[PDB]
Amino acid sequence: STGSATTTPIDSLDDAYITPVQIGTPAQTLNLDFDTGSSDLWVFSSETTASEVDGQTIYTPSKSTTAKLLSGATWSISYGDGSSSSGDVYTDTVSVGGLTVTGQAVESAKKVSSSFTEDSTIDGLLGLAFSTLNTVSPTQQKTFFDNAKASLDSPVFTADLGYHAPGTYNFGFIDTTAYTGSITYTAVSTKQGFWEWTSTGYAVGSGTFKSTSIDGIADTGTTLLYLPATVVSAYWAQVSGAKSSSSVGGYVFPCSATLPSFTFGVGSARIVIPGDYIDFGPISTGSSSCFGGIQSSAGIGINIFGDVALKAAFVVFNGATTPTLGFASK
């Protein structure tokens with residue numbers, strides 16, 4: 001079997017992407033944030049603290065004939081951005097783009113932190129990292145992809161994120177019309193639970209390519225590109241007036257600037273991020289100071305190939321016995 005679903009930016013900056021997901025019987029459609037950087041599928045629900053819901057669509061398990069409480073199971077998760085959520089667990093039928101999993105753990109939010117409440121466009125998250133990071137206790141649960149894997153024509157999914165435009169998540173097949181040239185595959189370490197790989201280096205604008213290993217994770221759930229301070233400094237030094245602002249929380253630059261591209265290496269291949277992709281607009285409404293899309297990972301503890309990088313490519317998440325990552329231009 002296969003699935004194919006369109007994923008849509010939540011706002012004009014591509015801060016995140018939502019993909020419609022059918023949960024329960026009859027279907028309850030929720031718009032979820034597909035996150036290759038975590039492994040919980042959780043949703044706003046009829047159990048969510050009422051004050052903490054502001055415009056989201058909720059999952060009501062009592063209205064689903066196929067929902068069953070997973071007795072005793074709870075979950076609790078905190079993300080790199082400081083946000084969090086927690087609750088209990090149902091199993092139910094879950095379909096993404098025509099692909100159906102029965103018995104999927106659907107984690108029902110009792111509590112969510114303010115950033116989730118404040119984002120009315122996201123009804124929950126669908127984790128696509130490795131199931132070893134799933135937070136359900138006392139019995140850890142499998143991700144949607146993990147559950148679907150054996151039924152899929154091929155044990156893969158692909159992320160094809162658009163720049164200021166819709167894109168596609170495919171499950172079980174590689175759309176050879178969706179990219180140009182060939183796909184370069186690179187090794188993955190699952191040791192931390194992530195789609196962790198090593199980039200072979202970088203270039204800034206039309207500059208010469210710097211060969212250097214950069215360990216990081218492919219994370220659709222993170223907006224920006226987080227890299228070592230050396231790399232980030234090298235990039236922003238090519239933008240007149242750019243500086244790191246402790247008050248704002250990263251590199252800013254004059255909104256009058258034309259940004260250079262940023263190239264990253266995948267084995268011998270190269271993915272080019274256009275400069276426009278690195279512009280995240282005024283730090284505040286009307287400001288002439290703009291926020292940069294490439295930021296330092298120092299103090300995160302890991303480098304993150306977030307949406308800024310991934311939307312410049314067609315990305316294959318290969319969940320074969322020996323997982324790998326593929327990148328193509330598009």
# chains A, B, ... in the order shown; residues from 1 in each chain; ligands from 1
$ closest_atom_pairs --of "stretch 271-301 of chain A" --to "stretch 157-176 of chain A" --cutoff "12 Å" --atoms "only C-alpha atoms" --output "Markdown table"
| residue | atom | partner | partner_atom | distance |
| --- | --- | --- | --- | --- |
| A:273 | CA | A:163 | CA | 10.5 |
| A:274 | CA | A:163 | CA | 10.1 |
| A:275 | CA | A:163 | CA | 11.7 |
| A:276 | CA | A:163 | CA | 9.2 |
| A:277 | CA | A:163 | CA | 7.1 |
| A:278 | CA | A:163 | CA | 10.6 |
| A:279 | CA | A:163 | CA | 11.3 |
| A:280 | CA | A:164 | CA | 11.3 |
$ residues_around --residues "stretch 49-55 of chain A" --least-positions-apart "4" --cutoff "9 Å" --atoms "only C-alpha atoms" --output "PyMOL selection string"
chain A and resi 44-45+109-114+116-121+123
$ write_last_selection --atoms "N, CA and C atoms" --output "compact mmCIF listing (two decimals), in the first residue's frame"
# COMPACT_ATOMS: atom_id res chain seq x y z
N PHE A 44 -5.07 17.68 20.16
CA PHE A 44 -6.09 18.38 20.91
C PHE A 44 -7.31 17.47 20.90
N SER A 45 -8.02 17.44 22.03
CA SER A 45 -9.13 16.54 22.18
C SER A 45 -10.20 17.11 23.09
N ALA A 109 -4.37 14.93 24.42
CA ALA A 109 -3.84 15.97 25.28
C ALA A 109 -4.81 16.35 26.40
N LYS A 110 -4.35 16.26 27.64
CA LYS A 110 -5.08 16.85 28.76
C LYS A 110 -4.54 18.27 28.99
N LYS A 111 -3.24 18.43 28.78
CA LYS A 111 -2.57 19.72 28.93
C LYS A 111 -1.70 20.03 27.72
N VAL A 112 -1.67 21.31 27.34
CA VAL A 112 -0.76 21.81 26.33
C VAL A 112 -0.16 23.15 26.80
N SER A 113 1.07 23.45 26.42
CA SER A 113 1.68 24.73 26.79
C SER A 113 1.16 25.85 25.90
N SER A 114 1.44 27.09 26.29
CA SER A 114 0.78 28.23 25.68
C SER A 114 1.03 28.34 24.18
N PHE A 116 1.19 26.15 21.94
CA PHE A 116 0.26 25.31 21.21
C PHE A 116 -1.13 25.93 21.24
N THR A 117 -1.56 26.36 22.42
CA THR A 117 -2.82 27.06 22.54
C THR A 117 -2.85 28.23 21.55
N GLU A 118 -1.76 28.99 21.50
CA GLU A 118 -1.73 30.21 20.69
C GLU A 118 -1.67 29.95 19.19
N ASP A 119 -1.43 28.70 18.80
CA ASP A 119 -1.41 28.35 17.39
C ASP A 119 -2.66 27.58 16.98
N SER A 120 -3.68 28.32 16.55
CA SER A 120 -4.97 27.74 16.23
C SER A 120 -4.94 26.85 15.00
N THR A 121 -3.87 26.90 14.22
CA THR A 121 -3.84 26.15 12.95
C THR A 121 -3.34 24.71 13.11
N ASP A 123 -3.55 21.23 15.13
CA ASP A 123 -4.42 20.41 15.99
C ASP A 123 -3.66 19.29 16.71
$ closest_residue --among "A:243, A:330, A:68, A:210" --to "residue A:24" --atoms "only C-alpha atoms"
A:68
$ closest_residue --among "A:57, A:86, A:240, A:134" --to "residue A:253" --atoms "only C-alpha atoms"
A:240
$ closest_residue --among "A:294, A:283, A:271, A:148" --to "residue A:233" --atoms "only C-alpha atoms"
A:294
$ closest_residue --among "A:82, A:207, A:37, A:98" --to "residue A:125" --atoms "only C-alpha atoms"
A:37
